[PDB]
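A.B. asks: What follows is a structure written as structure tokens; I'll ask about it next.
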Amino acid sequence: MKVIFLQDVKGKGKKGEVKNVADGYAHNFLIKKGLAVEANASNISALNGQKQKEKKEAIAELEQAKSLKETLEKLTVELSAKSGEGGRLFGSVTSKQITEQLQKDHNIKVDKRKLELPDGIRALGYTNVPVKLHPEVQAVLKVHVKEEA
Amino acid sequence: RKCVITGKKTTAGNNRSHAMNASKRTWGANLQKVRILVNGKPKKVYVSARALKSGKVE
RNA sequence: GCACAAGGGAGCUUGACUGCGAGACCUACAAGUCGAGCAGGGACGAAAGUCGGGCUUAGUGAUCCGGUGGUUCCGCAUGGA
RNA sequence: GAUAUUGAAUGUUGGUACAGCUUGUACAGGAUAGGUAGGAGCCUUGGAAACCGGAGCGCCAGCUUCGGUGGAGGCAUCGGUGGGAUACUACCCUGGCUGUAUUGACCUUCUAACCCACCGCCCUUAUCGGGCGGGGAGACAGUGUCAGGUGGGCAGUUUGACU
RNA sequence: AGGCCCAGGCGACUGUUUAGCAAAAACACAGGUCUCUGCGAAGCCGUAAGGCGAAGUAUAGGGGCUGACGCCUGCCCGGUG
RNA sequence: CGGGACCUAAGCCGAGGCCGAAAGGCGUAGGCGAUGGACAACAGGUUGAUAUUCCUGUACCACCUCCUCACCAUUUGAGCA
RNA sequence: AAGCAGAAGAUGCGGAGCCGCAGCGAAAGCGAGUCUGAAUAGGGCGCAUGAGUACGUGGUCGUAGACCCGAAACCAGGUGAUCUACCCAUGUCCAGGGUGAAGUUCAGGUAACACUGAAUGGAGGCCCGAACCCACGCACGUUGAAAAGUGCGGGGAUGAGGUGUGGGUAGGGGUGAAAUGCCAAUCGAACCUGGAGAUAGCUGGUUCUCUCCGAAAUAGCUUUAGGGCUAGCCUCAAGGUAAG
RNA sequence: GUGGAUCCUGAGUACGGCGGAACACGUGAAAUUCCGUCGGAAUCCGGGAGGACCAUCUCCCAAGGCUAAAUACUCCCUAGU
RNA sequence: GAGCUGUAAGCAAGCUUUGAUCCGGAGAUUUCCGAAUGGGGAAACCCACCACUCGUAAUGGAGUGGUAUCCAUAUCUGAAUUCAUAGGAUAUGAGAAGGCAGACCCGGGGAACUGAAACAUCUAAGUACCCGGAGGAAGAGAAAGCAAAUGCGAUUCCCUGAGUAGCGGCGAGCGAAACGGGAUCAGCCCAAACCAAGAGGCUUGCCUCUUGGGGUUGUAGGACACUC
């Protein structure tokens with residue numbers, strides 16, 4: 001008979017991998033182990049409800065996130081840092097410094113892992129910092145640094 | 001000896017061989033002693049296979 | 001019983017046909033046998049006339065149930081099957 | 001022996017939903033021509049000619065293919081063939097292969113059900129059984145259906161008449 | 001309250017049997033032999049549970065044949081199991 | 001005294017329970033079941049019928065105080081089992 | 001007819017329904033014609049030579065037991081192990097005498113037990129023989145005293161033994177040292193009640209009188225030969241009527 | 001009473017293969033129904049029946065349930081034949 | 001309304017016009033066994049527990065009531081196993097076992113003799129018998145029916161159809177239906193869909209679970225909207 005799998009059959013099937021499972025063995029194994037549940041109207045409707053709920057939740061989470069994140073990321077942000085003779089910067093503003101800047105200036109609250117910068121800016125100028133806002137969408141951040149005192 | 005769910009029991013009938021002899025015969029029921037929660041608890045009583053498929057839970 | 005050939009032979013042929021059948025023998029019944037003659041086509045023979053198996057008597061057994069061919073037949077409402 | 005109780009695999013042989021493509025001459029012929037439409041053009045350093053190995057086919061005519069060296073030319077309407085012209089879209093299943101999921105069967109190992117006339121506890125002063133917990137096998141066996149073989153162990157009968 | 005002896009047949013012996021015709025050369029017997037059975041033995045009773053085997057475990061338990069003891073059980077596995 | 005207010009074997013009955021068209025069969029616990037086990041009376045007479053049952057003597061078994069008595073103990077506390 | 005009203009009735013209603021008047025052909029179908037057949041032919045079945053219907057008596061027939069008695073046997077449901085066969089639990093009985101095993105002790109004796117002889121020994125499905133049990137040879141009984149005995153002798157008589165009490169095996173079965181033996185005087189399949197008034201091609205019996213007539217023991221067939229059908233022979237009634 | 005935007009009208013069942021039974025019907029071409037196995041539908045734009053089966057037509061909505069009346073019998077009572 | 005205490009003679013003794021015997025209606029009592037029910041049981045027998053009562057100085061003894069099993073409700077417990085269950089204890093229960101009449105009826109088993117001149121299909125016959133249930137009747141019953149016409153409209157039973165169709169070693173034998181005419185006369189509820197309330201599951205905004213409102217039909221009906 002038909003069942004709504006709760007875990008892996010040949011791979012995690014929590015999504016409700018409807019199949020035909022040898023009613024005898026199906027009942028015995030799935031019920032003794034909870035591997036699945038009967039595929040009746042009630043359970044099917046409950047699964048559909050939970051699935052659409054989570055789908056819309058994720059859709060909203062991604063939509064709300066991408067839009068304003070990109071829009072604001074299209075802004076300009078600047079800071080100050082001392083520099084020496086010959087353009088040899090005394091330090092380097094890593095991702096942590098940029099995170100602190102965006103947290104204290106504009107209150108963007110982006111993770112230090114989602115926003116990464118390995119090159120370790122050492123120049124006294126402007127630069128665009130890409131961000132991993134979305135696995136399929138990204139935006140740049142116009143960071144700036146200038147001499148101080 | 002009968003299915004608890006439906007009135008399935010041992011019936012009787014003839015056994016007509018070649019020449020149409022009329023030896024008497026019995027007809028059993030394909031019932032098994034599986035665990036079912038007919039009442040508030042399981043009891044492990046007899047139940048017919050035809051009724052077991054897509055019917056009461058074991 | 002057959003030499004007037006029913007026995008020998010030579011030619012053409014398939015009447016070793018189809019529907020029948022007045023009237024008779026035998027028989028408890030079933031059944032069996034002879035049959036002039038009518039019609040449709042024919043064969044032989046110029047014609048007449050013969051041919052509905054062997055010169056005559058044994059060479060075969062029913063009903064039911066099955067199979068094949070033909071049917072102005074019937075065909076569980078109607079038309080088919 | 002088949003089926004329900006009674007399924008999971010590892011490989012395995014057909015068919016499905018996705019996919020991979022190739023087989024084609026009676027002769028005429030430069031040849032290997034199946035046609036019906038679009039057809040005056042196509043591939044060329046994302047490389048000609050030639051060269052060689054392997055895969056395939058075959059009406060043993062030969063073709064194609066792919067692996068690559070060598071490298072600037074090859075192909076085509078048009079000249080002739082004959083029933084029908086060669087560059088791109090397709091089919092007719094004539095012809096062989098590999099991958100994913102089901103699909104059903106064959107032969108392999110596991111365990112879930114089924115058993116327990118194996119035990120420990122409780123029900124319970126109980127050598128019945130029945131719930132729990134371990135072990136043993138285990139899709140077996142037992143059980144209900146259908147079929148085949150054997151079956152005087154058993155049952156109902158028959159075994160003529162004249163003389 | 002025993003008749004005995006000589007000689008042979010049958011059965012090793014004691015025992016059991018056709019109440020109500022036959023007490024025996026018949027039956028059984030201890031012995032031998034073949035065969036089945038690895039334990040939920042096999043066989044048996046019963047439609048099934050449940051029981052005999054057996055509070056047994058291949059020197060133990062069932063089935064057939066022959067019947068102590070001395071010598072031997074010879075050939076044929078074509079036919080049927 | 002023979003048996004019942006004492007026990008138990010074979011065997012039967014048998015809550016629950018296991019089986020099985022029905023009826024019903026099997027069986028746990030439990031209980032029945034002597035033909036067994038344990039148990040306190042014996043000696044002389046009496047009438048026409050009864051008598052180790054009646055009469056006359058000596059006795060025994062189980063149990064309770066209205067009393068009787070001596071013992072211990074009333075919480076390493078007598079006593080019962 | 002059922003049915004309705006009606007004294008359990010007669011009667012009235014009730015034409016639902018059945019038979020005949022038209023038959024032939026399997027059927028379509030046709031019609032005093034129809035079927036067969038190619039066919040106005042021939043032949044088969046009918047009219048043209050119309051009389052049936054509903055009751056009552058009587059004869060006969062078929063179904064019910066069907067003329068009366070008679071089986072052996074079969075099936076179903078029940079009763080029986082108080083007789084007998086076996087088994088289980090628990091008790092009880094076997095008067096007396098003889099034999100003498102194994103073993104044990106001693107003596108002899110061998111290097112050593114082997115071996116021999118004496119003393120105790122009381123084993124035996126042992127012997128003789130009472131009670132008890134079984135009946136094997138002969139007589140009487142066989143309308144007996146007795147629906148299986150008595151009289152004399154006979155075998156066993158401490159292990160397969162006899163026996164009391166209680167219990168189990170119930171018939172398509174049980175039991176059986178095994179004879180077709182026992183299972184309540186019955187057993188090659190116990191007894192009681194039902195199917196059941198089983199069936200009988202078999203035997204026996206079948207009740208008042210007179211009168212008219214008057215046979216057969218033959219052919220065919222037959223799972224049939226002592227049975228049954230047809231025909232042959234008999235009788236009764238109506239016709240042809242003078243055919244024999 | 002009016003509309004067919006949309007929803008319902010009795011599922012492991014109607015049926016089918018296998019082995020039987022009863023319907024007058026004996027597996028015969030065998031409808032219809034009940035049975036024990038396995039397979040298993042539509043559900044109104046639908047389904048069942050009209051003696052195999054198919055199309056048209058005709059009739060009706062199963063797999064839910066109840067229902068007195070005319071009908072059979074007399075052990076017994078009252079009265080009478 | 002004047003003989004009666006039986007059959008049944010009596011011998012004896014008593015009741016009755018304040019009204020007997022007798023007849024009918026409704027009641028009280030009803031030893032023991034028996035489904036038998038506290039346990040056992042060789043039917044009419046024996047042995048107990050708990051309460052109340054009689055009596056002894058106590059036991060001993062005696063009178064009344066309750067004390068079987070299954071099943072329904074409820075309450076307290078509730079082991080393996082932690083909750084929980086199986087199970088155990090308690091109160092309510094004109095609940096229930098049994099035959100009956102040797103009959104009628106619904107269903108489950110289920111023969112043989114017999115007939116076919118044997119006999120196996122068949123008949124005997126779903127007969128006898130056995131089993132389980134109730135009723136005065138039971139079963140069936142309002143068309144997923146008959147039927148083929150300007151068509152009837154729940155079942156049941158009677159006469160016809162009819163010993164016709166048909167079944168059958170196509171034998172023996174078995175055996176209808178509908179139309180038609182009669183006896184009676186009654187049609188109804190549930191599920192499904194939708195709606196009100198609540199409960200649990202969170203099927204997390206959806207699901208089923210329970211009472212109620214609802215509607216029941218083939219010219220299709222109902223829900224839904226509306227007219228009533």
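Ordered as shown in the structure tokens, chains take letters A, B, and onward, while each chain numbers its residues from 1 and ligands are numbered from 1 in the order shown.
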Got a sec: who's within 10 Å of residue F:21, counting only C-alpha atoms (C1' of nucleotides), leaving out chain neighbours fewer than 6 positions off, as a list in words?

C.D. replies: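 The filter keeps residues 1, 9, 10, 11, 12 and 26 of chain B; 108, 109 and 131 of chain I.
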
A.B. asks: Using C-alpha atoms (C1' of nucleotides), can you write the selected residues to a file as a PDB file, in the first residue's frame?

C.D. replies:
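Saved the output as again_36.pdb:
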ATOM      1  CA  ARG B   1     -12.941 -20.672  14.773  1.00  0.00           C
ATOM      2  CA  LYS B   9     -16.344 -19.576   9.214  1.00  0.00           C
ATOM      3  CA  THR B  10     -15.850 -23.107   7.944  1.00  0.00           C
ATOM      4  CA  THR B  11     -18.507 -24.013   5.371  1.00  0.00           C
ATOM      5  CA  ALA B  12     -19.317 -27.338   3.724  1.00  0.00           C
ATOM      6  CA  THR B  26     -15.453 -28.999   3.961  1.00  0.00           C
TER       7      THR B  26
ATOM      8  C1'   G I 108     -25.925 -25.253   9.928  1.00  0.00           C
ATOM      9  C1'   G I 109     -24.918 -30.457   9.281  1.00  0.00           C
ATOM     10  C1'   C I 131     -27.870 -28.946  16.299  1.00  0.00           C
TER      11        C I 131
END

A.B. asks: Can you list, as a ChimeraX atom specification, every protein, DNA or RNA residue that comes within 12 Å of stretch 22-34 of chain E when you count only C-alpha atoms (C1' of nucleotides), leaving out same-chain residues fewer than 2 positions away?

C.D. replies: /E:9-18,36,63-69,73 /G:125,134-136,155,160,176-179

A.B. asks: Could you produce a table of the residues of chain D lying within 8 Å of chain B, with the nearest pair of atoms per residue and their separation in Å rounded to one decimal, using only C-alpha atoms (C1' of nucleotides), ordered by chain and increasing residue number, as a Markdown table?

C.D. replies:
| residue | atom | partner | partner_atom | distance |
| --- | --- | --- | --- | --- |
| D:4 | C1' | B:49 | CA | 6.5 |
| D:5 | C1' | B:32 | CA | 6.8 |
| D:143 | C1' | B:32 | CA | 7.4 |
| D:144 | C1' | B:30 | CA | 3.9 |
| D:145 | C1' | B:30 | CA | 7.6 |

A.B. asks: Okay, now the selection with C-alpha atoms (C1' of nucleotides), as a PDB file, in the first residue's frame?

C.D. replies:
ATOM      1  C1'   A D   4      -2.530 -15.077   0.810  1.00  0.00           C
ATOM      2  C1'   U D   5      -0.328 -15.069   5.390  1.00  0.00           C
ATOM      3  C1'   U D 143      -2.400 -22.842   8.158  1.00  0.00           C
ATOM      4  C1'   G D 144      -6.870 -21.911   3.698  1.00  0.00           C
ATOM      5  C1'   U D 145      -7.608 -22.441  -1.202  1.00  0.00           C
TER       6        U D 145
END

A.B. asks: Rounded to one decimal place, report the atom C1' of residue G:239-atom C1' of residue G:56 distance in Å.

C.D. replies: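 If I compute the distance from atom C1' of residue G:239 to atom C1' of residue G:56, I get 27.9 Å.
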
A.B. asks: I'd like the neighbourhood of residue F:61 as a PyMOL selection string, where a residue qualifies if any of its atoms comes within 12 Å (using only C-alpha atoms (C1' of nucleotides)), though same-chain residues fewer than 6 positions away should be ignored.

C.D. replies: chain F and resi 39-41

A.B. asks: Skip stretch 30-47 of chain G itself and residues of its chain fewer than 2 positions away, then list as number ranges by chain all residues within 8 Å of it, counting only C-alpha atoms (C1' of nucleotides).

C.D. replies: C: 19-21, 38-40; G: 22-25
